[PDB]
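I have placed the structure first, in the form of structure tokens, so that the comments after it can refer back to it.
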Amino acid sequence: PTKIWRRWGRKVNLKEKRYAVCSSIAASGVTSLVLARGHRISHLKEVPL
Amino acid sequence: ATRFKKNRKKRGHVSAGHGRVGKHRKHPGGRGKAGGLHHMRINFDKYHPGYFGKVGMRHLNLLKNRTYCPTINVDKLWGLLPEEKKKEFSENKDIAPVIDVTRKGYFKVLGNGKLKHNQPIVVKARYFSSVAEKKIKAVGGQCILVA
Amino acid sequence: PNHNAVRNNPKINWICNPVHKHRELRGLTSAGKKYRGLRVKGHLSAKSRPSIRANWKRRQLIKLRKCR
Amino acid sequence: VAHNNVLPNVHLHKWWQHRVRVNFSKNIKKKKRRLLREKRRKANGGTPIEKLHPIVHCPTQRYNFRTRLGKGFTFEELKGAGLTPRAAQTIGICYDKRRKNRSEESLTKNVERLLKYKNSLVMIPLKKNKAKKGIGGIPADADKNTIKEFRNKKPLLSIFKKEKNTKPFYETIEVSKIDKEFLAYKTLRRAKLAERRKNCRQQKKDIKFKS
Amino acid sequence: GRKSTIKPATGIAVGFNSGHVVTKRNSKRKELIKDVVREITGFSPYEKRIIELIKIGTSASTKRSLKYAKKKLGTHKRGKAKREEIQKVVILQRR
RNA sequence: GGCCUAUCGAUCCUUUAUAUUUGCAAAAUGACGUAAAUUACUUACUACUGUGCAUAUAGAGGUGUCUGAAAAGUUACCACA
RNA sequence: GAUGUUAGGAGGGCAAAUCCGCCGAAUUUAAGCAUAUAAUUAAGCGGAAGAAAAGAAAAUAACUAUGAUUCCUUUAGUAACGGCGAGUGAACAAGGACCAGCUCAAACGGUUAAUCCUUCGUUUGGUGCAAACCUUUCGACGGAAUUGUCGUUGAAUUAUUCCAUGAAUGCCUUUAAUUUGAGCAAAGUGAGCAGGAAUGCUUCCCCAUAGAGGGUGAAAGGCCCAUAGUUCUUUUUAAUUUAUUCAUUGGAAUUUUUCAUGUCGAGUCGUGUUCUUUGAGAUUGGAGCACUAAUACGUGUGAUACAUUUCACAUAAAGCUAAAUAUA
């Protein structure tokens, strides 16, 4: 029988959280990655917009 | 979790990694820690020796804060001081740094390590080791007993 | 609790509230306070002070966070 | 138990399954608490609902250095302030009746804190436009221009929070102003040893005094 | 261990008078009732038995008296206190 | 220790030995010892400080189903695995 | 003490998730079993509420001390308890949520109980369509109670400073929040193709602060209800705005100076004993019984039985109290 005892959540650590945001922003920066992610980048006129 | 489990490796396998001859049944020596000294004596002796018996007097309400002990070694005493400040003390022969170890959170100063030779320092603390005291005197520092 | 003088009187008046139905059977009387140990305070009352039921339930209770 | 495994210390032998609770209300409960206090403050005209504590010492050998918010100022500190108990209830200062005001240094610090609050405080007229000098060491009734001008501004509530202490404490001392004389380890052991001799002497002193 | 009001503490923080630097700042109507109530109530039989032992006044009887009083009232202190009341009554009785 | 190869027993407990080593939780029980002081809660300096209990270390008191349950019969009335 | 179908009132019973009391097991664990374990759990009998109970020190500390309650984080799987085996197991401190105080009772007031209540009445307000509620002081006539209600919180006395007070005239302005029901609420039912019939496919248009959702003859922003957005009307509770004169009576707080230094809950505590219980250990809490106290310079505490003495802290044996917190 399923019960609410189940470990649904997790502690995600502050330094790790910050790193993920910063690194994702840096990744968002990269033009090749934007296109690979499937964004239709062709007529854009700067690498971060 | 569920998709990587050992049961997923062994899914059609009867006893399934728990012994076909055995035919797997729960706690078959008896519950928990219970077989200790009796049936699991060999395990307890080999892995947890000093487990059985009664040793020492009793102290009925310990109250651990009464006997509280935050220590530092002399080795890390200088480390409570910044690098640039320490350089200024190294430069200036005429002065020494006062260090309030209690204001930095410590009560006892112990004797592990090195104090740099010919370099006075003033150490304020509740407790000091014999060795710590000897080092502080040896290097021309001062020790302050302080509450 | 019904009569006008006691309802009027600001003293004792609290007893007119409906929670005072069967005070002795909730053990709120001096006799009840005694056997529930409510006269006793301090470390002599340590396993009993918020109530015997209350204290035990608090001690029994296992409390888990969502992210633990 | 088997192999290298440590002995367990679980207490799940009793029927814990109806004596267990999991918190899924946390962040919403926090929101509700925020909402409740915000609503309360706003209802009080936006005026402070905060309580100003005395500064008091944390106890025993471990925490004696540290100082925290206490239960209430109590009569000696209030008398030093020039404030009544009734005034203390009327204003935001914390109240008590059995906290002794102890040593001089602590009392002197808390009366200074009271004086700081007393100087800080501005009191809105009781009946609005019927201004009086009034009771209890409470400020005399504010004028209409000032109170309106003050109302527009933020309240300054910094003093409620605990204070900080000396940032470096690395201070200089000249070589010839310190000495190498000291024997701290000896002093400690001797101090404990001579306690018995003193305790006996003090008991005899106490008897003599009492006589 | 005690700080002592007279003579301030040493900074060492062990032994007597030691720790952080600090400065410290530190009937008849009922009696008449009691005598009247005693006129009304007299003495309890155990109180009376103690009075007789005390009146005998020997070291054996006095030793017995404290034991008997401890046994009857509970506690050595209660027994001694009661014995003091009895001695006072015997002093009154003599005069 | 017995010419050699045999002649023996855990934890807990009890008991007697042993200690310039300890404890009984805010404190004390030699001894006001030795000095000074003398209006007194004076001021130093002292290895040896009540009963009782607890320890710590060392034996002994026993478990012969002898790596250690305090344990007699019975069922053709019987049941279950 | 009876008695009354006297006159006026009340209780009964139900419902139970969470709450509060009692009363109260065993399967189970130890690979056996007896102490321990399940567990002060289940069932049983009672009482409550939208929360309940608890709560204003016969408290914790031994500090540079803290200072009603509840709750969380923690101490802590620790001190401790245990065929010291299996197993069990707190509290204080610290960080916080949140915080609220008080009154009987003695004591004090006799050229007057200054109290209390029922019945009869009577008028200064305010709503509502109407029912009707809500304020409001003033007299009777009955009773009750001195076997003690009411006032007072040491006592006067000085200065200061507030609050109740009553009348006339003035005046109820503006907003901001907050919260109901209410409404209004953008563009295509455009070609063409195949189709039972588009909300499909195309293709020409567009609207979006509404491309949430639902319904609509196949997937709809533009078909409808809705939605986003707003216009009010509703809840209360803030700010703003406005009071001015004339009037008695009463109270309270500090502050002087004198004078009063009184007071503080008994078959209860305690002790013994027994049974129970716990962390309580030469007895933690409960309970039965036996013996049974001291009065505030007392006596209750300071977790190993005791005597003898310190020192600190508290004020039992009367009572109430919001909040955070819990809810199958």
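So the protein lines, in turn, are chains A, B, C, D and E. Be aware that the first sequence starts at 104, since it is given in UniProt numbering, and climbs by one per residue. Be aware that the second sequence starts at 2, since it is given in UniProt numbering, and climbs by one per residue. Be aware that the third sequence starts at 138, since it is given in UniProt numbering, and climbs by one per residue. Be aware that the fourth sequence starts at 2, since it is given in UniProt numbering, and climbs by one per residue. Throughout the fifth sequence, residue numbering follows UniProt numbering, covering 2 to 27, 38 to 106 in sequence. Beta carbons: idealized from backbone N, C-alpha and C, even for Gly.
CB contact below 7 Å: residue i versus chain D
i, result
"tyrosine 69(B)", "yes"
"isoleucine 13(E)", "yes"
"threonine 24(E)", "yes"
"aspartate 101(B)", "yes"
"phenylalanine 54(E)", "no"
Exposed unless 16 or more other CB atoms sit within 10 angstroms - verdict on residue i
i, result
"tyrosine 107(B)", "buried"
"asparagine 45(D)", "exposed"
"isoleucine 128(A)", "exposed"
"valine 56(B)", "exposed"
"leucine 63(B)", "exposed"
"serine 76(E)", "buried"
"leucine 79(D)", "buried"
"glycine 16(E)", "buried"
"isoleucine 44(E)", "exposed"
"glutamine 18(D)", "exposed"
"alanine 195(D)", "exposed"
"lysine 136(B)", "buried"
Proximal residues to residue i (C-beta, below 6 Å), its chain only, five neighbours per side dropped
i, result
"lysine 11(B)", "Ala17 and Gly18"
"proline 55(D)", "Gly71, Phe74 and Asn111"
Within-7 Å CB hit, residue i to chain C
i, result
"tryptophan 16(D)", "no"
"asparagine 24(D)", "yes"
"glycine 112(A)", "yes"
"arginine 20(D)", "yes"
Start and end residues, beta strand (DSSP E) containing residue i
i, result
"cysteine 144(B)", "143 to 146"
"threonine 68(D)", "68 to 70"
"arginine 22(D)", "21 to 24"
"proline 98(B)", "96 to 101"
"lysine 109(B)", "109 to 111"
"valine 57(D)", "56 to 58"
First through last residue of the alpha helix (DSSP H) which encompasses residue i
i, result
"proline 56(E)", "56 to 67"
"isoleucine 189(C)", "189 to 197"
"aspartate 180(D)", "Element bounds for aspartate 180(D): n/a, residue is neither H nor E."
"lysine 125(B)", "From DSSP, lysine 125(B) is part of no alpha helix (DSSP H) but of the beta strand (DSSP E) over 123 to 126."
"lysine 81(E)", "70 to 84"
"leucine 108(D)", "105 to 121"
"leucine 13(D)", "Run containing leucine 13(D): none; DSSP gives neither H nor E here."
"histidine 87(E)", "87 to 105"
"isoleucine 144(A)", "Where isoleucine 144(A) is concerned, there is no enclosing alpha helix (DSSP H), given that its DSSP letter is neither H nor E."
"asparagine 145(C)", "141 to 145"
"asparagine 44(B)", "42 to 48"
"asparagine 74(B)", "Here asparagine 74(B) belongs to no alpha helix (DSSP H); instead the beta strand (DSSP E) covers 72 to 74."
Own chain residues within Cβ distance below 8 Å of residue i, not counting five before or after
i, result
"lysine 7(B)", "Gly18"
"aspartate 76(B)", "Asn113, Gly114 and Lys115"
"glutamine 90(D)", "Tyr96"
"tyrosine 52(B)", "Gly37 and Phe45"
"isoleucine 189(C)", "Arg173 and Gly174"
"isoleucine 152(C)", "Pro138 and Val143"
Proximity test, Cβ basis, 7 Å: residue i and chain A
i, result
"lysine 203(C)", "yes"
Own chain partners of residue i with C-beta closer than 7 Å, once the 5 adjacent residues on each side are dropped
i, result
"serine 182(C)", "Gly174"
"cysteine 70(B)", "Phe108 and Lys109"
"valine 137(A)", "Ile144"
"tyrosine 48(B)", "none"
Short CB-CB distance (under 7 Å) between residue i and chain E
i, result
"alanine 139(B)", "no"
"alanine 148(B)", "yes"
"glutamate 172(D)", "no"
"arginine 127(B)", "yes"
Closer than 7 Å to chain B by CB, residue i
i, result
"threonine 61(D)", "yes"
"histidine 21(E)", "yes"
* Asked: Between the segment 109 to 140 of chain D and chain E, which residues of the former have a C-beta closer than 8 Å to a C-beta of the latter?
  -> none
* For the segment 178 to 203 of chain C, which residues have a beta carbon sitting closer than 7 Å to at least one beta carbon of chain D? -> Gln197, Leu198, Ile199, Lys200, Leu201, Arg202 and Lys203
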